[PDB]
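Text of the file query.cif, holding mmCIF, C-alpha atoms and all ligand atoms:
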```
data_upload
loop_
_atom_site.group_PDB
_atom_site.id
_atom_site.type_symbol
_atom_site.label_atom_id
_atom_site.label_comp_id
_atom_site.auth_asym_id
_atom_site.auth_seq_id
_atom_site.Cartn_x
_atom_site.Cartn_y
_atom_site.Cartn_z
ATOM 1 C CA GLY A 10 1.304 27.135 17.402
ATOM 2 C CA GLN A 11 -2.399 26.743 16.601
ATOM 3 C CA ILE A 12 -4.135 24.244 14.283
ATOM 4 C CA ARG A 13 -7.692 24.953 13.178
ATOM 5 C CA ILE A 14 -9.972 22.047 12.242
ATOM 6 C CA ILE A 15 -11.907 23.401 9.279
ATOM 7 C CA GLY A 16 -14.556 20.683 8.885
ATOM 8 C CA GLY A 17 -16.714 17.970 10.464
ATOM 9 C CA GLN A 18 -17.678 17.449 14.093
ATOM 10 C CA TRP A 19 -14.866 19.672 15.464
ATOM 11 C CA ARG A 20 -15.198 22.286 12.756
ATOM 12 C CA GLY A 21 -13.849 25.545 14.117
ATOM 13 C CA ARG A 22 -12.141 23.869 17.112
ATOM 14 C CA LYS A 23 -8.637 25.299 17.757
ATOM 15 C CA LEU A 24 -5.687 23.137 19.066
ATOM 16 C CA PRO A 25 -2.093 23.920 20.261
ATOM 17 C CA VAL A 26 0.840 22.569 18.202
ATOM 18 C CA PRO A 27 4.079 23.236 20.010
ATOM 19 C CA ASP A 28 7.221 25.294 19.266
ATOM 20 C CA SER A 29 8.887 23.349 16.402
ATOM 21 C CA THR A 36 -2.819 25.396 5.412
ATOM 22 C CA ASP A 37 -6.568 25.680 5.139
ATOM 23 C CA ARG A 38 -6.758 25.719 1.334
ATOM 24 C CA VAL A 39 -4.691 22.536 1.037
ATOM 25 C CA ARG A 40 -6.846 20.688 3.576
ATOM 26 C CA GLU A 41 -9.970 22.125 1.990
ATOM 27 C CA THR A 42 -8.997 20.799 -1.446
ATOM 28 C CA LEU A 43 -7.927 17.350 -0.129
ATOM 29 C CA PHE A 44 -10.998 16.783 2.004
ATOM 30 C CA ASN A 45 -13.270 17.930 -0.784
ATOM 31 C CA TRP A 46 -11.608 15.176 -2.927
ATOM 32 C CA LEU A 47 -12.094 12.690 -0.036
ATOM 33 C CA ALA A 48 -15.641 13.756 0.940
ATOM 34 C CA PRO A 49 -17.465 10.721 -0.510
ATOM 35 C CA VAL A 50 -15.069 8.137 1.071
ATOM 36 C CA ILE A 51 -13.998 9.755 4.367
ATOM 37 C CA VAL A 52 -16.978 8.533 6.498
ATOM 38 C CA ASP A 53 -15.949 5.278 8.177
ATOM 39 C CA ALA A 54 -12.555 5.232 6.421
ATOM 40 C CA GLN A 55 -9.483 3.709 8.060
ATOM 41 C CA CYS A 56 -6.706 6.314 7.725
ATOM 42 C CA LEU A 57 -2.973 6.149 8.146
ATOM 43 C CA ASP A 58 -0.860 9.323 8.415
ATOM 44 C CA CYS A 59 2.814 8.417 7.754
ATOM 45 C CA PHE A 60 4.320 11.747 8.967
ATOM 46 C CA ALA A 61 1.518 13.125 11.088
ATOM 47 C CA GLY A 62 3.416 16.187 12.453
ATOM 48 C CA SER A 63 0.822 18.679 13.752
ATOM 49 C CA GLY A 64 -1.902 16.093 13.071
ATOM 50 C CA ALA A 65 -3.651 18.575 10.726
ATOM 51 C CA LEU A 66 -4.467 15.745 8.282
ATOM 52 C CA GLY A 67 -5.303 12.936 10.729
ATOM 53 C CA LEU A 68 -7.363 15.268 12.948
ATOM 54 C CA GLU A 69 -9.367 16.688 10.079
ATOM 55 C CA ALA A 70 -9.972 13.028 8.988
ATOM 56 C CA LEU A 71 -11.312 12.095 12.431
ATOM 57 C CA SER A 72 -13.468 15.197 12.544
ATOM 58 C CA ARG A 73 -15.122 14.183 9.271
ATOM 59 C CA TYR A 74 -16.047 10.804 10.764
ATOM 60 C CA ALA A 75 -13.181 8.582 9.688
ATOM 61 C CA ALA A 76 -13.736 5.257 11.505
ATOM 62 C CA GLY A 77 -10.118 5.309 12.690
ATOM 63 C CA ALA A 78 -6.653 6.849 12.229
ATOM 64 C CA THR A 79 -3.199 5.567 12.983
ATOM 65 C CA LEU A 80 -0.865 8.553 13.178
ATOM 66 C CA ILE A 81 2.889 7.975 12.775
ATOM 67 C CA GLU A 82 5.330 10.636 13.983
ATOM 68 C CA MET A 83 9.115 10.514 14.459
ATOM 69 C CA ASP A 84 9.382 13.552 16.775
ATOM 70 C CA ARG A 85 8.773 12.524 20.428
ATOM 71 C CA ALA A 86 7.672 16.032 21.534
ATOM 72 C CA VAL A 87 5.298 16.340 18.548
ATOM 73 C CA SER A 88 3.888 12.758 19.027
ATOM 74 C CA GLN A 89 3.188 13.671 22.706
ATOM 75 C CA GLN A 90 1.227 16.871 21.827
ATOM 76 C CA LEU A 91 -0.734 14.962 19.247
ATOM 77 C CA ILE A 92 -1.792 12.479 21.988
ATOM 78 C CA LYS A 93 -2.836 15.406 24.204
ATOM 79 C CA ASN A 94 -4.904 16.942 21.386
ATOM 80 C CA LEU A 95 -6.669 13.643 20.803
ATOM 81 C CA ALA A 96 -7.506 13.514 24.531
ATOM 82 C CA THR A 97 -8.984 17.071 24.373
ATOM 83 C CA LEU A 98 -11.204 16.068 21.438
ATOM 84 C CA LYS A 99 -12.130 12.803 23.221
ATOM 85 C CA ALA A 100 -11.058 10.959 20.091
ATOM 86 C CA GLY A 101 -10.622 7.326 21.155
ATOM 87 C CA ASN A 102 -10.704 6.005 17.572
ATOM 88 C CA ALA A 103 -7.026 6.925 16.954
ATOM 89 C CA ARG A 104 -3.533 6.028 18.091
ATOM 90 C CA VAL A 105 -0.173 7.703 17.812
ATOM 91 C CA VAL A 106 2.950 5.772 17.186
ATOM 92 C CA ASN A 107 6.277 7.531 17.875
ATOM 93 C CA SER A 108 8.326 6.084 15.027
ATOM 94 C CA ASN A 109 9.986 7.039 11.816
ATOM 95 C CA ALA A 110 7.978 5.816 8.785
ATOM 96 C CA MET A 111 10.694 3.572 7.292
ATOM 97 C CA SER A 112 10.972 1.372 10.405
ATOM 98 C CA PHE A 113 7.243 1.488 11.002
ATOM 99 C CA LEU A 114 6.110 0.429 7.490
ATOM 100 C CA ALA A 115 8.787 -2.291 7.178
ATOM 101 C CA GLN A 116 6.600 -4.956 8.768
ATOM 102 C CA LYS A 117 3.366 -6.850 7.913
ATOM 103 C CA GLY A 118 0.811 -4.054 7.734
ATOM 104 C CA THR A 119 -2.910 -3.655 7.983
ATOM 105 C CA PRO A 120 -5.024 -2.298 5.089
ATOM 106 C CA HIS A 121 -6.158 1.352 5.040
ATOM 107 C CA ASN A 122 -8.658 3.130 2.797
ATOM 108 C CA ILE A 123 -6.820 6.501 2.988
ATOM 109 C CA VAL A 124 -3.096 7.195 3.456
ATOM 110 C CA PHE A 125 -1.370 10.553 3.846
ATOM 111 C CA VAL A 126 2.233 10.876 2.572
ATOM 112 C CA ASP A 127 3.570 14.351 3.216
ATOM 113 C CA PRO A 128 7.170 13.795 4.317
ATOM 114 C CA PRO A 129 9.269 16.562 5.981
ATOM 115 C CA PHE A 130 11.652 16.167 3.047
ATOM 116 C CA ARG A 131 11.199 14.284 -0.275
ATOM 117 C CA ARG A 132 14.404 12.574 -1.344
ATOM 118 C CA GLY A 133 15.108 9.541 0.808
ATOM 119 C CA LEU A 134 11.515 9.220 2.082
ATOM 120 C CA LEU A 135 8.863 9.765 -0.579
ATOM 121 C CA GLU A 136 9.379 6.885 -3.018
ATOM 122 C CA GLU A 137 10.577 4.578 -0.210
ATOM 123 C CA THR A 138 7.358 5.150 1.748
ATOM 124 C CA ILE A 139 5.256 4.575 -1.362
ATOM 125 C CA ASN A 140 6.951 1.192 -2.004
ATOM 126 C CA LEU A 141 6.658 0.053 1.611
ATOM 127 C CA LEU A 142 2.931 0.954 1.630
ATOM 128 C CA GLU A 143 2.366 -1.139 -1.483
ATOM 129 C CA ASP A 144 4.657 -4.069 -0.528
ATOM 130 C CA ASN A 145 3.710 -4.607 3.110
ATOM 131 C CA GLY A 146 -0.109 -4.728 2.979
ATOM 132 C CA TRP A 147 -0.841 -1.215 4.233
ATOM 133 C CA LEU A 148 -3.394 -0.488 1.473
ATOM 134 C CA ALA A 149 -6.965 -1.705 1.114
ATOM 135 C CA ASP A 150 -7.963 -3.044 -2.297
ATOM 136 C CA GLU A 151 -8.926 0.413 -3.670
ATOM 137 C CA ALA A 152 -6.973 2.770 -1.419
ATOM 138 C CA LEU A 153 -6.377 6.522 -1.917
ATOM 139 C CA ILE A 154 -2.879 7.786 -1.164
ATOM 140 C CA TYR A 155 -2.300 11.534 -0.809
ATOM 141 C CA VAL A 156 1.176 12.613 -1.869
ATOM 142 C CA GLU A 157 2.564 16.100 -1.464
ATOM 143 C CA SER A 158 5.723 17.072 -3.393
ATOM 144 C CA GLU A 159 7.573 20.072 -4.858
ATOM 145 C CA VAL A 160 6.806 20.509 -8.587
ATOM 146 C CA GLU A 161 10.556 20.666 -9.313
ATOM 147 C CA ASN A 162 10.748 16.984 -8.312
ATOM 148 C CA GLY A 163 8.502 15.767 -11.134
ATOM 149 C CA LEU A 164 6.001 12.908 -10.802
ATOM 150 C CA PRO A 165 7.069 10.360 -8.178
ATOM 151 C CA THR A 166 7.723 6.767 -9.219
ATOM 152 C CA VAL A 167 4.618 4.832 -8.188
ATOM 153 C CA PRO A 168 3.857 1.107 -8.595
ATOM 154 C CA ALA A 169 2.121 0.084 -11.814
ATOM 155 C CA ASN A 170 -1.219 -0.532 -10.051
ATOM 156 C CA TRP A 171 -1.316 3.097 -8.786
ATOM 157 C CA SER A 172 -2.941 5.702 -10.993
ATOM 158 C CA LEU A 173 -2.987 9.480 -10.585
ATOM 159 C CA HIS A 174 -6.538 10.215 -9.360
ATOM 160 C CA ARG A 175 -6.554 13.964 -8.458
ATOM 161 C CA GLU A 176 -3.927 16.699 -8.825
ATOM 162 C CA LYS A 177 -3.593 20.371 -7.868
ATOM 163 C CA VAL A 178 -0.555 22.550 -8.405
ATOM 164 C CA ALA A 179 -0.307 25.674 -6.250
ATOM 165 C CA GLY A 180 2.904 27.635 -5.908
ATOM 166 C CA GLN A 181 5.968 25.449 -5.864
ATOM 167 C CA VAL A 182 3.922 22.375 -4.750
ATOM 168 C CA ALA A 183 2.059 19.491 -6.394
ATOM 169 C CA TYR A 184 -0.764 17.992 -4.337
ATOM 170 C CA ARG A 185 -1.772 14.568 -5.649
ATOM 171 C CA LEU A 186 -4.147 11.704 -4.870
ATOM 172 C CA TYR A 187 -3.396 8.243 -6.234
ATOM 173 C CA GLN A 188 -5.852 5.399 -6.461
ATOM 174 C CA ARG A 189 -4.526 1.906 -5.967
ATOM 175 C CA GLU A 190 -5.903 -1.274 -7.532
ATOM 176 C CA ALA A 191 -5.288 -4.491 -5.570
ATOM 177 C CA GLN A 192 -2.855 -6.222 -7.961
HETATM 178 CL CL CL A 201 10.966 8.132 8.090
#
```
Can the structure from this file be put into structure tokens for me?
Amino acid sequence: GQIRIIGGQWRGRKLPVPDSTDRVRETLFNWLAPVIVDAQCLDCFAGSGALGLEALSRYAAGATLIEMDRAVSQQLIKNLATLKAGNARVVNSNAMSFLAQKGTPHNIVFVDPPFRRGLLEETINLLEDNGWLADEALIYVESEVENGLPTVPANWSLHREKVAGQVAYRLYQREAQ
């Protein structure tokens, strides 16, 4: 497995992601371009780290990367060490346990769960209820079109949306209320 960082300080740098897309990341980070510098980012299901790593490359101030798979969390840590990225941490946890505590506010949150039903709406409510979001946070949500629009709290509004293939890529903006 290889991950390519397509932008920022490590643009073009290639990283191994063990035995277990560009246009997506391109679209998302174009949406995030004017807020990404010095942002605090949380990746709820970091997986390969594609999202968190691209965020750090583009001069995010910091990224907390949450990943349930121990082997995957370990490789992520190794890739951060390669890149000399000290302004990040990896927590080996499922998102439901992790977010069910008093949180810390983030400017940008990535919500791309490995499966939708049982995780997506639950994660969204925990983010909102436990203080994980800064006053005007952006939350990226990836979901199959077939699922419809996810239930979001009333103070979240749909900010950007792209549909490609079977998948809806969305960015919500949250108002502190
Ligand atoms: Cl989870």
Within 6 Å of ligand CL 201 (chain A), which residues of chain A come that close, and what is the closest atom pair and distance in Å for each? Count only C-alpha atoms and all ligand atoms and give it as a Markdown table.
```
| residue | atom | partner | partner_atom | distance |
| --- | --- | --- | --- | --- |
| A:109 | CA | A:CL201 | CL | 4.0 |
| A:110 | CA | A:CL201 | CL | 3.8 |
| A:111 | CA | A:CL201 | CL | 4.6 |
```
- Message: List the spatial neighbours of residue 83 in chain A as a list in words - criterion: any atom at most 9 Å away, only C-alpha atoms, same-chain residues fewer than 6 positions off excluded.
- Response: residues 60, 61, 62, 106, 107, 108, 109 and 110 of chain A
- So what does the PyMOL selection byres (((chain A and resi 135) around 12) and not hetatm) actually pick up in this one, as number ranges by chain? A: 59-60, 110-111, 125-134, 136-142, 154-159, 162, 164-167
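With distances restricted to all atoms listed in the file, A:189 is the closest residue to residue 143 in chain A from A:85, A:189, A:174, A:38.
Proximity of A:177, A:40, A:185, A:13 to residue 94 in chain A, computed with only C-alpha atoms, is greatest for A:13.
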- Compute the distance from (-4.6, 17.6, 12.8) to each atom, counting only C-alpha atoms, keep the residues with any atom at most 12 Å away, and return them as a PyMOL selection string; use the coordinates of the file. chain A and resi 11-16+19-20+22-26+36-37+40+58+60-73+78+80+87-88+90-95+98+100+103+105+125
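Proximity to residue 146 in chain A was assessed for A:119, A:42, A:112, A:97 counting all atoms listed in the file; the smallest distance is recorded for A:119.
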- Item | Nearest residue to residue 151 in chain A from the set A:57, A:183, A:75, A:191 (distances using only C-alpha atoms) | A:191
Starting from the displayed file, determine the output of the PyMOL selection byres (((chain A and resi 52) around 8) and not hetatm) and express the residue list as a PDB file with C-alpha atoms, keeping the file's coordinate frame.
```pdb
ATOM      1  CA  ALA A  48     -15.641  13.756   0.940  1.00  0.00           C
ATOM      2  CA  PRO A  49     -17.465  10.721  -0.510  1.00  0.00           C
ATOM      3  CA  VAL A  50     -15.069   8.137   1.071  1.00  0.00           C
ATOM      4  CA  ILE A  51     -13.998   9.755   4.367  1.00  0.00           C
ATOM      5  CA  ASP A  53     -15.949   5.278   8.177  1.00  0.00           C
ATOM      6  CA  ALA A  54     -12.555   5.232   6.421  1.00  0.00           C
ATOM      7  CA  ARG A  73     -15.122  14.183   9.271  1.00  0.00           C
ATOM      8  CA  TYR A  74     -16.047  10.804  10.764  1.00  0.00           C
ATOM      9  CA  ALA A  75     -13.181   8.582   9.688  1.00  0.00           C
ATOM     10  CA  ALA A  76     -13.736   5.257  11.505  1.00  0.00           C
TER      11      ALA A  76
END
```
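Counting only C-alpha atoms and comparing A:160, A:115, A:123, A:86, the residue that lies closest to residue 187 in chain A is A:123.
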- Item | CA of residue 46 in chain A to CA of residue 192 in chain A, distance in Å rounded to a single decimal | 23.7 Å
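Between CA of residue 150 in chain A and CA of residue 121 in chain A there is a distance of 8.7 Å.
Distance check against residue 41 in chain A using only C-alpha atoms: of A:102, A:17, A:55, A:168, the minimum falls on A:17.
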- Item | Interatomic distance (Å, one decimal) between CA of residue 120 in chain A and CA of residue 178 in chain A | 28.6 Å
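Residues selected in this file by the PyMOL selection byres (((chain A and resi 173) around 7) and not hetatm) comprise residues 171, 172, 174, 175, 186, 187 and 188 of chain A.
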